[PDB]
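Asks: This is the content of protein-v5.cif (mmCIF, C-alpha atoms):
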```
data_structure
#
loop_
_atom_site.label_atom_id
_atom_site.label_comp_id
_atom_site.auth_asym_id
_atom_site.auth_seq_id
_atom_site.Cartn_x
_atom_site.Cartn_y
_atom_site.Cartn_z
CA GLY A 7 130.31 85.38 89.43
CA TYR A 8 127.54 82.96 88.44
CA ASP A 9 128.55 80.33 90.98
CA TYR A 10 125.22 80.04 92.82
CA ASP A 11 123.37 76.85 91.90
CA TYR A 12 119.85 77.95 92.89
CA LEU A 13 117.98 81.26 93.11
CA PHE A 14 115.12 81.58 95.61
CA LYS A 15 112.65 84.46 95.37
CA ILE A 16 111.32 85.67 98.71
CA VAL A 17 108.91 88.54 99.33
CA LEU A 18 109.34 90.78 102.37
CA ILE A 19 105.62 91.46 102.34
CA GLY A 20 104.12 93.52 105.15
CA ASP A 21 102.00 96.48 106.15
CA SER A 22 102.89 100.10 105.41
CA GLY A 23 104.63 102.08 108.15
CA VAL A 24 105.80 98.93 109.93
CA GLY A 25 109.50 99.87 109.73
CA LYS A 26 110.27 97.00 107.34
CA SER A 27 112.46 99.41 105.35
CA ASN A 28 114.68 99.69 108.42
CA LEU A 29 114.27 95.95 109.03
CA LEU A 30 115.92 94.81 105.82
CA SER A 31 118.45 97.67 105.91
CA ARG A 32 120.51 95.75 108.49
CA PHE A 33 120.97 92.45 106.61
CA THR A 34 122.01 93.55 103.14
CA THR A 35 124.43 93.45 100.26
CA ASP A 36 123.55 97.12 99.82
CA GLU A 37 124.99 98.46 96.56
CA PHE A 38 123.72 99.47 93.12
CA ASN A 39 120.35 101.20 92.66
CA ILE A 40 118.35 101.99 95.80
CA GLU A 41 115.07 103.68 96.75
CA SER A 42 113.24 101.78 93.99
CA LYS A 43 110.19 101.10 96.19
CA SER A 44 108.26 104.00 94.65
CA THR A 45 109.70 103.44 91.16
CA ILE A 46 107.53 100.35 90.51
CA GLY A 47 106.68 98.62 93.79
CA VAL A 48 109.87 96.95 94.93
CA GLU A 49 113.45 97.21 96.14
CA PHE A 50 115.94 94.37 96.01
CA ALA A 51 118.40 92.69 98.34
CA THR A 52 120.51 89.60 97.71
CA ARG A 53 122.87 87.19 99.44
CA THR A 54 124.80 84.02 98.66
CA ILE A 55 124.97 81.29 101.32
CA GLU A 56 126.54 77.84 101.54
CA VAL A 57 124.18 74.93 102.25
CA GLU A 58 126.15 71.63 102.23
CA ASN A 59 128.23 72.67 99.20
CA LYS A 60 125.23 73.98 97.16
CA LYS A 61 125.54 77.75 96.91
CA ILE A 62 122.14 79.45 97.12
CA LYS A 63 121.29 82.99 96.02
CA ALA A 64 118.37 84.80 97.65
CA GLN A 65 116.23 87.63 96.25
CA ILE A 66 114.39 89.75 98.82
CA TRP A 67 111.75 91.78 96.96
CA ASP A 68 110.18 94.36 99.31
CA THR A 69 106.76 94.90 97.76
CA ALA A 70 104.87 98.02 98.82
CA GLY A 71 101.54 99.48 97.74
CA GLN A 72 100.09 102.70 99.15
CA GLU A 73 96.82 103.57 97.34
CA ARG A 74 97.17 102.92 93.58
CA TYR A 75 99.08 99.63 93.25
CA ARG A 76 96.36 96.97 93.05
CA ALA A 77 97.13 94.52 90.23
CA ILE A 78 100.92 94.51 89.88
CA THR A 79 101.44 94.21 93.64
CA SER A 80 99.64 90.86 93.43
CA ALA A 81 101.30 89.98 90.11
CA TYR A 82 104.74 90.25 91.74
CA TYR A 83 103.95 86.94 93.54
CA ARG A 84 103.81 84.96 90.29
CA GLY A 85 106.44 82.45 91.44
CA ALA A 86 107.47 83.59 94.90
CA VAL A 87 108.87 80.67 96.92
CA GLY A 88 109.34 82.42 100.29
CA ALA A 89 107.54 84.99 102.41
CA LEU A 90 108.74 87.12 105.33
CA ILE A 91 105.50 88.56 106.81
CA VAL A 92 106.58 91.75 108.60
CA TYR A 93 104.53 93.16 111.47
CA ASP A 94 105.29 95.54 114.34
CA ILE A 95 104.51 95.06 118.02
CA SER A 96 103.30 98.63 118.54
CA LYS A 97 99.66 98.69 117.31
CA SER A 98 96.96 96.06 116.90
CA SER A 99 96.07 97.46 113.47
CA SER A 100 99.28 96.17 111.88
CA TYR A 101 98.78 92.68 113.31
CA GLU A 102 95.11 92.60 112.31
CA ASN A 103 96.07 92.66 108.61
CA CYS A 104 98.17 89.48 108.82
CA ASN A 105 95.15 87.27 108.11
CA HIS A 106 94.36 89.12 104.88
CA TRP A 107 98.05 89.21 103.96
CA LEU A 108 98.39 85.44 104.34
CA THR A 109 95.11 84.86 102.49
CA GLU A 110 96.34 86.85 99.49
CA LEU A 111 99.75 85.16 99.70
CA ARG A 112 98.33 81.63 99.69
CA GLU A 113 95.78 82.49 97.00
CA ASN A 114 98.29 84.01 94.55
CA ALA A 115 101.81 82.73 95.24
CA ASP A 116 103.20 79.22 94.78
CA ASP A 117 101.31 76.36 96.39
CA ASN A 118 102.76 75.37 99.78
CA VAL A 119 105.03 78.40 100.13
CA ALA A 120 107.31 78.76 103.13
CA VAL A 121 106.22 81.70 105.29
CA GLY A 122 107.97 83.30 108.25
CA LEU A 123 106.63 86.06 110.48
CA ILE A 124 108.90 88.73 111.94
CA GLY A 125 108.04 91.30 114.62
CA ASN A 126 110.08 94.46 114.06
CA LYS A 127 111.11 96.93 116.79
CA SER A 128 110.76 94.79 119.91
CA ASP A 129 113.07 97.11 121.88
CA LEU A 130 110.12 99.42 122.60
CA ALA A 131 108.65 97.97 125.81
CA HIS A 132 106.29 100.92 126.42
CA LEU A 133 103.60 100.19 123.78
CA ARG A 134 103.48 96.40 123.46
CA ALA A 135 100.10 96.32 121.70
CA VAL A 136 100.04 92.54 121.13
CA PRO A 137 101.41 89.65 123.26
CA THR A 138 104.07 87.23 122.12
CA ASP A 139 101.90 84.41 123.49
CA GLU A 140 99.00 85.22 121.16
CA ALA A 141 101.46 85.76 118.31
CA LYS A 142 102.95 82.30 118.88
CA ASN A 143 99.47 80.74 119.05
CA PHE A 144 98.64 82.36 115.71
CA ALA A 145 101.92 81.03 114.32
CA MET A 146 101.00 77.48 115.40
CA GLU A 147 97.82 77.34 113.30
CA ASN A 148 99.56 77.66 109.89
CA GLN A 149 102.94 75.83 110.13
CA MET A 150 104.90 79.06 109.84
CA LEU A 151 107.99 80.19 111.75
CA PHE A 152 107.86 83.09 114.20
CA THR A 153 110.39 85.54 115.59
CA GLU A 154 110.73 89.00 117.13
CA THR A 155 113.61 91.36 116.38
CA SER A 156 115.39 94.44 117.67
CA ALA A 157 118.57 96.40 117.02
CA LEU A 158 119.95 95.52 120.46
CA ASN A 159 118.72 91.90 120.20
CA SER A 160 120.78 91.15 117.07
CA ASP A 161 121.46 87.83 115.26
CA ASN A 162 117.84 86.64 115.69
CA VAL A 163 116.64 87.71 112.25
CA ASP A 164 119.85 86.42 110.68
CA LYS A 165 119.56 82.93 112.17
CA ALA A 166 115.84 82.80 111.36
CA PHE A 167 116.59 83.84 107.77
CA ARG A 168 119.26 81.17 107.30
CA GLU A 169 117.01 78.54 108.87
CA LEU A 170 114.17 79.60 106.57
CA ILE A 171 116.36 79.12 103.51
CA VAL A 172 117.64 75.73 104.66
CA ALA A 173 114.02 74.75 105.35
CA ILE A 174 112.96 75.75 101.83
CA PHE A 175 115.96 73.90 100.40
CA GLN A 176 114.77 70.58 101.83
CA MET A 177 111.46 71.11 100.01
CA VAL A 178 112.67 72.25 96.56
CA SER A 179 115.99 70.36 96.38
CA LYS A 180 115.84 67.36 94.09
CA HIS A 181 118.60 64.99 95.20
CA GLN A 182 121.73 65.37 93.05
CA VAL A 183 124.56 62.81 93.06
CA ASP A 184 128.00 63.76 91.76
CA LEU A 185 127.95 61.84 88.47
CA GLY A 197 140.63 54.09 81.80
CA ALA A 198 140.16 55.06 78.17
CA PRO A 199 141.63 52.88 75.37
CA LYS A 200 144.83 54.58 74.21
CA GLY A 201 146.77 53.27 71.23
CA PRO A 202 146.70 52.47 67.50
CA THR A 203 143.55 51.21 65.82
CA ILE A 204 142.54 48.76 63.09
CA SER A 205 139.27 49.03 61.16
CA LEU A 206 137.04 45.92 61.11
CA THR A 207 134.03 47.47 59.36
CA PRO A 208 132.93 45.43 56.33
CA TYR B 1066 69.11 94.62 163.43
CA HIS B 1067 66.50 91.99 162.60
CA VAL B 1068 65.68 91.12 158.98
CA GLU B 1069 62.78 88.88 157.98
CA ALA B 1070 62.82 86.70 154.87
CA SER B 1071 62.88 88.36 151.44
CA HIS B 1072 62.77 91.93 152.74
CA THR B 1073 65.42 94.60 152.29
CA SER B 1074 66.45 96.50 155.42
CA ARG B 1075 68.49 99.67 155.03
CA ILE B 1076 71.56 99.76 157.28
CA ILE B 1077 73.54 102.81 158.41
CA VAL B 1078 77.29 102.73 159.12
CA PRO B 1079 79.08 106.12 159.43
CA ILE B 1080 82.65 106.64 158.26
CA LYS B 1081 85.34 109.22 158.93
CA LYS B 1082 86.47 110.92 155.73
CA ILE B 1083 89.89 109.86 154.46
CA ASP B 1084 92.30 112.79 154.40
CA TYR B 1085 94.05 113.19 151.05
CA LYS B 1086 97.24 114.60 152.61
CA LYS B 1087 98.53 111.17 153.73
CA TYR B 1088 97.23 108.61 151.20
CA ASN B 1089 98.50 109.82 147.73
CA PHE B 1090 95.96 107.84 145.70
CA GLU B 1091 96.84 109.92 142.62
CA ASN B 1092 100.18 108.08 142.24
CA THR B 1093 99.90 104.50 143.54
CA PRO B 1094 100.02 101.60 141.03
CA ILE B 1095 97.22 99.05 141.17
CA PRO B 1096 98.44 95.75 142.69
CA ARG B 1097 98.79 92.67 140.51
CA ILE B 1098 98.31 89.43 142.43
CA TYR B 1099 99.92 87.29 139.67
CA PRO B 1100 102.96 89.28 138.53
CA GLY B 1101 105.19 87.92 135.79
CA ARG B 1102 103.15 88.61 132.65
CA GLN B 1103 104.11 90.57 129.56
CA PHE B 1104 103.19 94.23 129.99
CA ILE B 1105 100.55 95.28 127.43
CA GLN B 1106 99.73 98.98 127.21
CA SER B 1107 95.94 99.02 127.47
CA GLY B 1108 95.93 102.75 126.71
CA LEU B 1109 94.40 105.34 129.02
CA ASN B 1110 95.18 109.04 129.15
CA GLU B 1111 96.44 110.68 132.33
CA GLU B 1112 93.04 111.96 133.47
CA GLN B 1113 91.24 108.64 133.04
CA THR B 1114 93.99 106.62 134.71
CA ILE B 1115 94.09 108.96 137.72
CA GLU B 1116 90.30 108.69 138.00
CA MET B 1117 90.48 104.89 137.83
CA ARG B 1118 93.25 104.64 140.43
CA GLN B 1119 91.40 106.99 142.79
CA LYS B 1120 88.16 105.01 142.45
CA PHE B 1121 89.85 101.64 142.96
#
```
If you took the structure in this file and wrote it as structure tokens, what would it be?
Replies:
Amino acid sequence: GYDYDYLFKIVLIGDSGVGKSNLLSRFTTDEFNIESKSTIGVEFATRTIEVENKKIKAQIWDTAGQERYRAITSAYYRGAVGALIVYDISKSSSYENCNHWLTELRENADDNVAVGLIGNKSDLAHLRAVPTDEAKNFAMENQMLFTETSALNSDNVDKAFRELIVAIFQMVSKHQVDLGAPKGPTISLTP
Amino acid sequence: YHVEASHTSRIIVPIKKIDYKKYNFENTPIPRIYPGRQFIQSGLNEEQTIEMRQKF
């Protein structure tokens, strides 16, 4: 089923323990091999979507590095075209690492890469360790989309994901246009 | 009580002790004069928060 016209690589990069494993578990085409995060550094999700008649395949790579993965974790961003910075609104420590995460992303990955920023587990209203106002202000200063997500607050991550892909498409879509025979006997006029 | 310029003058003002049986300072939230802000857990254990509420 090789009907998709384009294939966009996007990294679900984020801090350890953030619940990103549960984040991408909702929106999935979950089949085939799983639990490959510890095998090398990554686990894979995919989806085909329709964007004005141009089918687009996505590749969510969920990079993770605990203590030993130093070089290959950076090398996995050789040609990444999207990023999905995952943080959690439960502790300031997770949000503090976003600056370093973006610095590494911009340094290594493709120049002018689309970056979104998702706040997992917003249902918990007891330990809101960072305000949405400050998060939005941080989002302003880099031209990068922002959203917060929860199990009960569904469809937000899905619409943000689709809008991220259609935003990337406008950047890396070169315009493509959809580009009476003589029937009868013949006589040779060659000399 | 007279007070000349630039001279402290100690002042006495007795008070009746507040009885704890009818004021329940242990469990009384601090007022917020501008409500309607996102609740951020500052983080204080039970002992420290009771001490703070009592003092305030």
Asks: Taking only C-alpha atoms into account, what are the residues of chain A at most 6 Å from chain B, put as a PyMOL selection string?
Replies: chain A and resi 133-135
Asks: Could you dump the residues just selected with C-alpha atoms as a PDB file, keeping the file's coordinate frame?
Replies:
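Listing of result_7.pdb after writing:
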```
ATOM      1  CA  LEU A 133     103.600 100.190 123.780  1.00  0.00           C
ATOM      2  CA  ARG A 134     103.480  96.400 123.460  1.00  0.00           C
ATOM      3  CA  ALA A 135     100.100  96.320 121.700  1.00  0.00           C
TER       4      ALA A 135
END
```
Asks: Find the residues near stretch 1079-1093 of chain B: any atom within 12 Å, counting all atoms listed in the file, skip ones fewer than 3 places away on the same chain, and give them as a PyMOL selection string.
Replies: chain B and resi 1076+1096+1111-1121
Asks: The PyMOL selection byres ((chain A and resi 174) around 9) - which residues does that actually catch in the file I just gave you? List them as a ChimeraX atom specification.
Replies: /A:14,87-88,119-120,169-173,175-179
Asks: Would you export the selected residues with C-alpha atoms as a PDB file, keeping the file's coordinate frame, please?
Replies:
```pdb
ATOM      1  CA  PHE A  14     115.120  81.580  95.610  1.00  0.00           C
ATOM      2  CA  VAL A  87     108.870  80.670  96.920  1.00  0.00           C
ATOM      3  CA  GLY A  88     109.340  82.420 100.290  1.00  0.00           C
ATOM      4  CA  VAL A 119     105.030  78.400 100.130  1.00  0.00           C
ATOM      5  CA  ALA A 120     107.310  78.760 103.130  1.00  0.00           C
ATOM      6  CA  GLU A 169     117.010  78.540 108.870  1.00  0.00           C
ATOM      7  CA  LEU A 170     114.170  79.600 106.570  1.00  0.00           C
ATOM      8  CA  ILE A 171     116.360  79.120 103.510  1.00  0.00           C
ATOM      9  CA  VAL A 172     117.640  75.730 104.660  1.00  0.00           C
ATOM     10  CA  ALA A 173     114.020  74.750 105.350  1.00  0.00           C
ATOM     11  CA  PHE A 175     115.960  73.900 100.400  1.00  0.00           C
ATOM     12  CA  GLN A 176     114.770  70.580 101.830  1.00  0.00           C
ATOM     13  CA  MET A 177     111.460  71.110 100.010  1.00  0.00           C
ATOM     14  CA  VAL A 178     112.670  72.250  96.560  1.00  0.00           C
ATOM     15  CA  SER A 179     115.990  70.360  96.380  1.00  0.00           C
TER      16      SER A 179
END
```
Asks: Give me, please, the distance in Å between atom CA of residue A:100 and atom CA of residue A:116, quoted to one decimal.
Replies: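 Calculated distance between atom CA of residue A:100 and atom CA of residue A:116 is 24.4 Å.
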Asks: Taking 5 positions as the minimum chain separation for residues in the same chain, which residues sit within 12 Å of stretch 180-207 of chain A when counting only C-alpha atoms? Answer as number ranges by chain.
Replies: A: 11-12, 58-60, 174-175
Asks: For the file shown, what are the residues hit by the PyMOL selection byres ((chain A and resi 7) around 12), laid out as number ranges by chain?
Replies: A: 8-11, 54, 61, 63
Asks: Could you write out that same residue set with C-alpha atoms as a JSON list (two decimals), in the coordinates of the input?
Replies:
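Output file again.json follows:
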```json
[["chain", "number", "residue", "atom", "x", "y", "z"],
["A", 8, "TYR", "CA", 127.54, 82.96, 88.44],
["A", 9, "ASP", "CA", 128.55, 80.33, 90.98],
["A", 10, "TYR", "CA", 125.22, 80.04, 92.82],
["A", 11, "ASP", "CA", 123.37, 76.85, 91.90],
["A", 54, "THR", "CA", 124.80, 84.02, 98.66],
["A", 61, "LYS", "CA", 125.54, 77.75, 96.91],
["A", 63, "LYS", "CA", 121.29, 82.99, 96.02]]
```
Asks: How many Å lie between atom CA of residue A:52 and atom CA of residue A:64, rounded to one decimal?
Replies: 5.3 Å
Asks: Could you jot down the atom CA of residue A:46 to atom CA of residue A:79 separation for me, Å, one decimal place?
Replies: 9.2 Å
Asks: Closest to residue A:68 among A:103, A:143, A:28, A:109, using all atoms listed in the file?
Replies: A:28
Asks: Could you pull the residues within 10 Å of residue A:26, counting all atoms listed in the file, minus those fewer than 2 positions along the same chain, as a PDB file with C-alpha atoms, keeping the file's coordinate frame?
Replies:
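Contents of selection_29.pdb, as written:
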```pdb
ATOM      1  CA  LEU A  18     109.340  90.780 102.370  1.00  0.00           C
ATOM      2  CA  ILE A  19     105.620  91.460 102.340  1.00  0.00           C
ATOM      3  CA  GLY A  20     104.120  93.520 105.150  1.00  0.00           C
ATOM      4  CA  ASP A  21     102.000  96.480 106.150  1.00  0.00           C
ATOM      5  CA  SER A  22     102.890 100.100 105.410  1.00  0.00           C
ATOM      6  CA  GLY A  23     104.630 102.080 108.150  1.00  0.00           C
ATOM      7  CA  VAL A  24     105.800  98.930 109.930  1.00  0.00           C
ATOM      8  CA  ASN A  28     114.680  99.690 108.420  1.00  0.00           C
ATOM      9  CA  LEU A  29     114.270  95.950 109.030  1.00  0.00           C
ATOM     10  CA  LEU A  30     115.920  94.810 105.820  1.00  0.00           C
ATOM     11  CA  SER A  31     118.450  97.670 105.910  1.00  0.00           C
ATOM     12  CA  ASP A  68     110.180  94.360  99.310  1.00  0.00           C
ATOM     13  CA  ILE A  91     105.500  88.560 106.810  1.00  0.00           C
ATOM     14  CA  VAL A  92     106.580  91.750 108.600  1.00  0.00           C
ATOM     15  CA  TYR A  93     104.530  93.160 111.470  1.00  0.00           C
ATOM     16  CA  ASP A  94     105.290  95.540 114.340  1.00  0.00           C
ATOM     17  CA  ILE A 124     108.900  88.730 111.940  1.00  0.00           C
ATOM     18  CA  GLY A 125     108.040  91.300 114.620  1.00  0.00           C
ATOM     19  CA  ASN A 126     110.080  94.460 114.060  1.00  0.00           C
ATOM     20  CA  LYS A 127     111.110  96.930 116.790  1.00  0.00           C
TER      21      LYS A 127
END
```
Asks: Need the axis-aligned box for stretch 1091-1109 of chain B with 6 Å each side, so what are the centre and edges in Å to one decimal, as lines of an AutoDock Vina configuration file?
Replies:
```
center_x = 99.8
center_y = 98.6
center_z = 135.1
size_x = 22.8
size_y = 34.6
size_z = 28.8
```
Asks: Do you know which residues the PyMOL selection byres ((chain A and resi 83) around 8) returns on this file, as a PDB file with C-alpha atoms, in the frame of the given file?
Replies:
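Final output, result_39.pdb:
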```
ATOM      1  CA  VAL A  17     108.910  88.540  99.330  1.00  0.00           C
ATOM      2  CA  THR A  79     101.440  94.210  93.640  1.00  0.00           C
ATOM      3  CA  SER A  80      99.640  90.860  93.430  1.00  0.00           C
ATOM      4  CA  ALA A  81     101.300  89.980  90.110  1.00  0.00           C
ATOM      5  CA  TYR A  82     104.740  90.250  91.740  1.00  0.00           C
ATOM      6  CA  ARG A  84     103.810  84.960  90.290  1.00  0.00           C
ATOM      7  CA  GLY A  85     106.440  82.450  91.440  1.00  0.00           C
ATOM      8  CA  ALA A  86     107.470  83.590  94.900  1.00  0.00           C
ATOM      9  CA  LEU A 111      99.750  85.160  99.700  1.00  0.00           C
ATOM     10  CA  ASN A 114      98.290  84.010  94.550  1.00  0.00           C
ATOM     11  CA  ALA A 115     101.810  82.730  95.240  1.00  0.00           C
ATOM     12  CA  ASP A 116     103.200  79.220  94.780  1.00  0.00           C
TER      13      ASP A 116
END
```
